[PDB]
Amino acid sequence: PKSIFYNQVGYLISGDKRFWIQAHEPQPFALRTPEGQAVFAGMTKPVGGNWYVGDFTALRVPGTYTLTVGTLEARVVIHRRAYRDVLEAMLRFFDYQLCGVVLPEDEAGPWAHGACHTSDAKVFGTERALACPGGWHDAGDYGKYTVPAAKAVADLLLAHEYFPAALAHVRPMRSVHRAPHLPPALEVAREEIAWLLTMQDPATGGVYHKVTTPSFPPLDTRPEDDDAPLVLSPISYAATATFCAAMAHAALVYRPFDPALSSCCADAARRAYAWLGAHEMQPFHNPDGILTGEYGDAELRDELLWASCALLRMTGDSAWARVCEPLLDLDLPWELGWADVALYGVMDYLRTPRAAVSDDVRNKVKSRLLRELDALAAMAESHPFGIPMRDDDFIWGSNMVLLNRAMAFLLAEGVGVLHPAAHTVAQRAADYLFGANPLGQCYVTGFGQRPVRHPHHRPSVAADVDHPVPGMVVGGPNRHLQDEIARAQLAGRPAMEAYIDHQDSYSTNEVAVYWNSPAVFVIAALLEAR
């Protein structure tokens, strides 16, 4: 497959521009207008392994150019807002996943419905029932889970706070949101917050782990065709803590837009934390008779960290610094979910007014955060595609691992922790996700020259349209070959090549709400840069 590897979505006018080829020496290259006029030229340079890169960043005039190097040819496009449409489709994906709510045909097209899982969820072990209407279907399945929901919400909320201008005029589905009509990111994220609120037991303040069917309906199964009884898995520490942090964050962001919802989230967060103080950290386990997504976790101190730090920033009360800061000194991995969420708390802590926290602890936190970014930067400098990844990092949901890492750079920039490689990593992450990889694969449905055509997504599989729901970020290459398709097809291939666009490859070609949400953040960042 001797080919030119590039960002198949496009390049920003004022953005960094790079293409990849396999070679053993530098080669001259050139870009020409559609009419054949040479407008740019340069030399490729080695970046490790068999890989060479070409840099045409200085080419600022928008349009479609013919890139030539050696005998190889490719067409790249430069646009003022090249990632405008893909960002829109990425946020619109959340509306496509909406549950218990009719999606109008004029907006949802061939994947329209219809109200799925309207059944009042029976609490596990009992006959009492609460109405738990979504909200979003988590992944390719239709299950709704509290823990990963908190990440998806937090990311979209963070995307709004950081890059409101880039998201200001993206349009979610028209007839599914209420008043006051919020900025698109907040307009979309509110739906998941609303469902999450109904997941909190008013009796104990605790939060149910997941409301799903007992088992997984077939890949072919339509949402409404899935009418199995809805189980309500027990309250868990992880569910309550992540709920608490997400609500405290929601209560803070939505205040100048929806004061009514802001008030409701704040009270829900406090009650949720009250539960944490009276219950031990117990790892969730699937109830007997439940085989849906467990989303378990044995380490729960980072959840408490996030919950504490979120309430710290929500209240601005230095009383929270007493519980936050000891947890911040722990050697927990500072990551962005869904299981390891410590960095979310770190950010809330750093975005808290300096007068409410300890200076020496704040300096230590900033110092560690920079070290972590330094390590990622070193990884990106060694990687041929400039992304903060090693071979053993390419596991289940490697694209989220990548995107979370790019997000960490951009988040830290917002709190005065500026690493010089931050915006380079952001572009490289987008390049990789949009085709700049050993497979030349655009890992987003409905975009690029080699798009994802057969994702592990039941609404997409159900419809016989031979093209899935657009704007879905798939899991990406997984070296552990954790499905029957991958183990047969992808055996022997390098980590970055451990992907296949097969609808039955759920460990490489699955989608998720918490996979699109960091994608929204990173892509919005690139558009905001202008």
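So that there is no doubt, residue numbering starts at 1 and follows the sequence shown.
Checked against the record, the higher mean CA B factor of 489-497 and 49-57 lies with 489-497. In this entry, the higher average B-factor at the C-alpha atoms falls on 265-273, of the pair 265-273 and 303-311. Taking only the listed residues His383, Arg171, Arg362, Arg190, the entry reports the highest CA temperature factor at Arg190.
The top Cα temperature factor in the record, among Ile235, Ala241, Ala430, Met247, falls on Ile235.
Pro470 sits in the middle third of its chain by CA B factor, as recorded in the PDB entry.
Ranked by Cα temperature factor within the chain, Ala152 sits in the lowest third according to the deposited record. Residue-level temperature factors show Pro26 in the lowest third of its chain, judged at the C-alpha atom. When the CA B factors of the chain's modelled residues are split into thirds, the value for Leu67 lands in the lowest one. Among the modelled residues of its chain, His285 has a C-alpha B-factor that falls in the highest third, as given in the PDB entry.
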